[PDB]
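First, one chain by itself: the form deposited in one PDB entry, in structure tokens.
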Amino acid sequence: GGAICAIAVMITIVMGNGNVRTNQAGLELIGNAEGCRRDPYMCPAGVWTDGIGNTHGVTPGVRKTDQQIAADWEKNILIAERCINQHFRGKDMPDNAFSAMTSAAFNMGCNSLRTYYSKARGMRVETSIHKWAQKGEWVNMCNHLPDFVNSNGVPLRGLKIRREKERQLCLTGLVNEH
């Protein structure tokens, strides 16, 4: 049967369009985290989801094109890429770091990468990952990806795993591959 769609096929379309910078490894990382579904489904705190983690333009029971789901994915990727470019010096970092960062922003949203609420200081303050990004210190930046593993103030095994996959990507080509 068929309800699950192919990430690999979505990757070739998005890469073919020539808009997204994030590389194959980044699209693979993002795609496998989310999975790919033509049928809209319900996540906790239920709001409908499409394709590859898409929640915009989603109508229950409405099955999307293969190309429409790539279109959707592209759009969400470019939002995440804008975050990295506008706020983390994306234009200056290499592709692997950029792609890992994009994956983080796709998942957590830009706001959560830029600042966090300091209970000590009683206000939101700049993150270390942003500090290191602005300094062009990519290795240090990458190595802060594991800071972002909480949901509703609780760490998730899945987010630990994800942030570590992102960190490994971020750093390839930046450190001894062995």
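Basically, rigid core = biggest C-alpha set you can superpose within 1.5 Å across the two forms. The first residue of the sequence shown is number 1, and the count goes up from there.
The following text describes the form deposited in another entry, which does not appear among the structures shown.
Of the candidates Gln134, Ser112, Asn150, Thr65, the only Cα that travels 2 Å or more between this form and the one not shown, given a rigid-core fit: So the only displaced C-alpha belongs to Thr65.
Exceeds or equals 2 Å, Cα of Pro40 between this form and the one not shown, core fit: It does, since the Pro40 C-alpha is displaced 2 Å or more between this form and the one not shown after the core fit.
Direction of C-alpha distance change in that other deposited form, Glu34 to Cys170 (at least 3 Å): So the answer is farther.
Cα-Cα trend for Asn107 and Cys36, given that in that other deposited form the distance shifts by 3 Å or more: Relative to the displayed form, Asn107 and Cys36 draw closer in that other deposited form - a change of at least 3 Å between their C-alphas.
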